[PDB]
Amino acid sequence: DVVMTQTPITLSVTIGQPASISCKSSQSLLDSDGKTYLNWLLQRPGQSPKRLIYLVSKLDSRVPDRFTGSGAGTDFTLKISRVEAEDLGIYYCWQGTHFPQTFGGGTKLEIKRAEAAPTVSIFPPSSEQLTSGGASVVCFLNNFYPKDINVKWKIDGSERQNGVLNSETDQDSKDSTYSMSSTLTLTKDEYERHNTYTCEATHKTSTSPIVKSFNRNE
């Protein structure tokens, strides 16, 4: 297969600013018929791929002219003159000159917005769950930016590395924030041996960890 390598791999851009993405092929994309079968596609979160550009620089008629493609041979570029909210997603290049057609691995465009502090909530395991022999402590960290966040759990003052599962949402279309859930799962008997459970978030919106906690005694 013809390798298609995209750069950069992720990109954060402010609405109204330009962006550029590069695609490099392991060999020339010129077909013997003289055309160069290189396309660019966008996939918005939870949707299908959409075609932006075909034959290197032709604009799909459903797509606005803020998108332009250039290049030749093995080197190709997509440019966005001016980024809009709707341009959030993953961009892919594609070649259909050589068999089998190949796609590049994708470039993720995120919308840069103002820093936003997470709203952090902590929840004790339900009694229902405890009857299964298991216990899950749940921590929500909602509507924050930038995405990078470190969440640490403590039990009676000590960091608990294992038993933690995290899930992140994709960037929100209305306010451009991210949210995350972190879950500490223990056995009921382990859960019932300790008093203080804490979720601590490190995030650039505070100079200390953002902390929520509860005590099993109540």
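Numbering starts at 1 and runs along the sequence shown.
Averaged over their C-alpha atoms, the temperature factors of 127-135 and 89-97 are higher for 127-135.
Note on 30-38 vs 187-195: mean CA B-factor is higher in 187-195. When the modelled residues of the chain are ordered by C-alpha B-factor, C23 sits in the middle third. Annotation for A114: C-alpha temperature factor in the highest third relative to the rest of the modelled chain, per the entry. For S206, the recorded CA B-factor ranks within the lowest third of the chain. Only modelled residues enter the ranking.
Among all modelled residues in this chain, the alpha-carbon of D60 has a temperature factor (C-alpha) in the lowest third. Residue-level temperature factors show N162 in the highest third of its chain, judged at the C-alpha atom.
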